[PDB]
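Only one structure is covered here, and it is reproduced in the block below.
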Number of protein chains: 2
Amino acid sequence: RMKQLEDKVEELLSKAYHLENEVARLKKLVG
Amino acid sequence: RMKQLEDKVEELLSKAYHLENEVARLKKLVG
């Protein structure tokens, strides 16, 4: 479970980073 | 430990939704 949970945190961080990059992209469009 | 890990997942999920919402605003705002 511990292993499952670690995996989930790593999965979530990855998704988080993907979206943060997207926001940046859009932030530039915006300016 | 298990619970610190559960908490971290909860924290990242909430962050990911915050960013999803955000990306959705920006996108509408830009195109």
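What you see below is based on every heavy atom in this structure, not just the backbone, and it leaves out hydrogens, waters and symmetry mates. Below, chain A is the first sequence line, B the second, and so on; all start at residue 1.
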Should A/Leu19 and B/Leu12 be counted in the same cluster of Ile, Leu, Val, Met, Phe, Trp and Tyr side chains packed under 4.5 Å apart? no

Between B/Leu5 and chain A, which part of the residue has a heavy atom less than 4.5 Å away: side chain, backbone, both or neither? both

Please flag which part of B/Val23 lies under 4.5 Å from any non-hydrogen atom of chain A: side chain, backbone, both or neither. both

Distance-only donor-acceptor pairs under 3.5 Å across chain A and chain B:
from: A/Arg1; atom 1: NH2; to: B/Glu6; atom 2: OE2; distance (Å): 2.8
from: A/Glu20; atom 1: OE2; to: B/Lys15; atom 2: NZ; distance (Å): 3.1
from: A/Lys27; atom 1: NZ; to: B/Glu22; atom 2: OE2; distance (Å): 3.1

